[PDB]
C-alpha cells in the first residue's frame, strides 16, 4: 500500500503505486512523463497556452492547477489526488494546505538541481529503476555529443538573459550552467561561480557578457513584452556591438524554454540537441 519518502518538508508515507498524481513544477512535469506517469493535474507551463510545445501532446486533458508560482489549491482538491509533488522554494507556504488534501512530497530547489530532482521524483513515484534508465539514456546522449564536439568545448560560453526589468548573466548553479559543465564547456570569469546569476546587469556591465560564444535568451511575462524591450535596448547598444563575441558573429539568440525555463529531463535532452545543432 505505502512507502516512506524523505523529502524537503519531512518524512511522508506515499502510495507504493500512485494513480492520481498532481505535479506543481514544470521540471517535475517532465520527470513524470518520462517515468510513464501522466498527471491528473499540473501547473501550466510558464510560457505555454497552457503547455510548452514539447509536452503539449503528452498533456492532453491534464487539468491545469494554476501556475508554478501560484497554485490553485481548490482545483487540486477537486482532482482527489493520491499524491502531490511540489518544490520547497516555490511552494513552502502552501505545504500544509496540500498535505490536507493528499500525501505531499517536495524537492528542495531548482537552480542547477534538475538531475537530482528527477531522481527524487522517481523515488517519490516508486519508479527508481525506470529513473535509472532515463538518466542512463540522457548521459549516453550527453557522451555522444561530447564526442561530436571534440575540442569545441574549450570555448568560453557566455549566457545572458533578458527579463522584465532585469538583465542577468547566468552562472554555474543553473540549468544551462550544469549541462554546459557536464559537456565540458568553459565559461568566462564569474560565470564559473557556483551561484545562480549576476542580477540587474547595467549597460556599463555589458563587457561582463563577453565570451568566445554568447547565447542570450529572453523571457516575456505577457503581451507587454518587457523582456524583449530590454533585449532590443541592450543588443543595439554600442557596448554590446563592440563585444568580441558579437564582432566574431558568435552571439546568438537561443530559446528561453529549452535553455532554462522548462528545466526538466525532456528539456535537458532538447538542449543537448540544440547544442549539437549549433556546434556540429
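Residue numbers count along the first chain shown, from 1.
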### Task
Select between 217 to 225 and 242 to 250 the stretch whose C-alpha atoms have the higher average B-factor in the entry.
217 to 225
## Note on the structure
The stretch carrying the higher mean Cα B factor in the deposited entry, 10 to 18 or 260 to 268, is 10 to 18
### Query
Taking the Cα B-factors listed in the entry, which of 176, 75, 158, 107 comes out highest?
75
### Chain-relative CA temperature factor third for residue 30
lowest
### Message
Looking at the temperature factor on the CA atom of residue 207, which third of the chain's modelled residues does it land in?
### Response
highest
### Entry-reported Cα temperature factor of residue 42, expressed as the chain third it lands in
lowest
### Summary
Quick tally, chain-level thirds of C-alpha B-factors: residue 79 sits in the highest
### Task
Would you check the entry's CA temperature factor for residue 115 and let me know if it's in the chain's lowest, middle or highest third?
lowest
